[PDB]
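I have placed the structure first, in the form of structure tokens, so that the comments after it can refer back to it.
Since every read-out is calculated from the coordinates, none of them should be taken as a lab result. A quick note on method: Cβ atoms are made from the backbone with ideal geometry, for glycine too, and the neighbour counts reach across all protein chains shown.
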Amino acid sequence: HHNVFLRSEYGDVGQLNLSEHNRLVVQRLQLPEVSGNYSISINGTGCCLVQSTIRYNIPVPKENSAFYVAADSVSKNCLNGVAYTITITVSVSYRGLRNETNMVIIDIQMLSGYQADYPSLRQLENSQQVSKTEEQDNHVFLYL
Amino acid sequence: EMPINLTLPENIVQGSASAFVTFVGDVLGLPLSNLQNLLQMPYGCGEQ
Ligand SMILES: *[C@@H]1O[C@H](CO)[C@@H](O)[C@H](O)[C@H]1NC(C)=O
Ligand SMILES: *[C@@H]1O[C@H](CO)[C@@H](O)[C@H](O)[C@H]1NC(C)=O
Ligand SMILES: *[C@@H]1O[C@H](CO)[C@@H](O)[C@H](O)[C@H]1NC(C)=O
Ligand SMILES: *[C@@H]1O[C@H](CO)[C@@H](O)[C@H](O)[C@H]1NC(C)=O
């Protein structure tokens, strides 16, 4: 048996109940205020899990020493602003103290309204530097 | 009666902020409906 309830300084956010029926389905809660002061409580007998997650975006925090990556690109057919074809080049290096590195994954997000060049990806594949390529949901993943 | 210790980092993009709370009726209940997607990290290898 469990009854769980969330409070803020202005009111009670949620009052959920967990029993034999409510055992395999997950309960979802979203806080309307992202900078509030909330408190949960669970009452009854049994064992339960609580998860609290925060989701946000950060603008590419490249300010500290880390697994070094330098990405840039060039144009070949630049016309009246937007260029039809783009050529992306990246440089990768390892700067940790470990003995040797394991397999690595590089992800590139497409520059808004573009799409991958399948012949270029397969040329990268048949050349022996990337062992696997993949393109989905405007992200290109290369597995080194 | 535990509060929630949430602190958004400085130099954060405005408008991108969400606070979620997940509850489960069993200890091993969460990895049930997300079995195809335990992790957002992509696949592509034998161990993956
Ligand atoms: C227990 O859960 C049931 C589910 O429908 C509902 O009656 C209510 O949320 C709870 N009842 C209580 C706490 O008396
Ligand atoms: C939020 O509630 C907590 C409860 O301890 C306390 O810090 C204070 O009442 C509130 N803090 C704010 C409004 O910054
Ligand atoms: C790490 O282990 C490797 C063996 O694979 C060897 O070079 C040495 O014992 C360790 N240190 C460095 C710097 O590699
Ligand atoms: C948790 O509380 C600590 C205080 O001990 C605070 O420094 C930190 O910003 C809070 N939030 C997170 C996500 O650690």
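Residues that are away from ligand 4 (no atom under 16 Å from the Cβ) and more than 27 Å from the chain's Cα centre (by Cα): does region A:66-75 have at least one? First the steps, then the outcome.
Of the residues in region A:66-75, the ones away from ligand 4 (no atom under 16 Å from the Cβ) are A:66-75.
Narrowing the set further to residues that are more than 27 Å from the chain's Cα centre (by Cα) leaves A:75.
Yes, there is a match, as at least one residue in region A:66-75 is away from ligand 4 (no atom under 16 Å from the Cβ) and more than 27 Å from the chain's Cα centre (by Cα).
Given the residues A:120, A:112, which is the only one that is of a type in the set (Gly, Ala, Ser) and either closer than 17 Å to residue A:89 by Cα or in contact with a helix residue (DSSP H, G or I) (Cβ under 6 Å, 6 or more places away or on another chain) (or both)? Write out each step before concluding.
Details: A:112 fails: either closer than 17 Å to residue A:89 by Cα or in contact with a helix residue (DSSP H, G or I) (Cβ under 6 Å, 6 or more places away or on another chain) (or both).
Only one candidate passes the filter, namely A:120.
Kindly state which strands (runs of 3 or more DSSP E) lie completely within region A:16-61 and contain at least 2 residues that are surrounded by 14 or more Cβ atoms within 10 Å (Cβ to Cβ) and within 16 Å of ligand 2 (Cβ to nearest atom).
Numbers: elements: A:26-30, A:39-44, A:49-56.
Ranges flagged: A:39-44.
Given the criteria within 14 Å of chain B (Cβ to nearest Cβ) and either within 16 Å of ligand 4 (Cβ to nearest atom) or farther than 30 Å from residue A:36 by Cα (or both), does residue A:108 qualify? Lay out the reasoning, then the answer.
Working: within 14 Å of chain B (Cβ to nearest Cβ): yes; either within 16 Å of ligand 4 (Cβ to nearest atom) or farther than 30 Å from residue A:36 by Cα (or both): yes.
Criteria met by residue A:108.
What are the pairs with Cβ atoms under 6 angstrom where one residue, in region A:8-23, is farther than 13 Å from residue B:23 by Cβ and the other, located anywhere, is more than 11 Å from ligand 1 (Cβ to nearest atom) and not β-branched (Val, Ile, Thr)? Sequence gap at least six, or different chains.
A:8/A:36; A:8/A:38
Right, residue B:40: outside any loop (DSSP other than H, G, I, E, B), of a type outside the set (A, V, I, L, M, F, W, C) and within 30 Å of residue A:22 (Cα to Cα) or not?
Working: outside any loop (DSSP other than H, G, I, E, B): no; of a type outside the set (A, V, I, L, M, F, W, C): yes; within 30 Å of residue A:22 (Cα to Cα): yes.
No: the conditions fail for residue B:40.
Of the conditions (1) more than 16 Å from ligand 4 (Cβ to nearest atom); (2) more than 30 Å from residue A:98 (Cα to Cα), residue A:53 clears all except one; give me its number.
That leaves (1) as the condition not met.
Output the residues belonging to region A:24-57 that are facing chain B (nearest Cβ under 8 Å) and touching a residue at least 40 places away in the same chain (Cβ under 8 Å).
Matches in region A:24-57: A:48 only.
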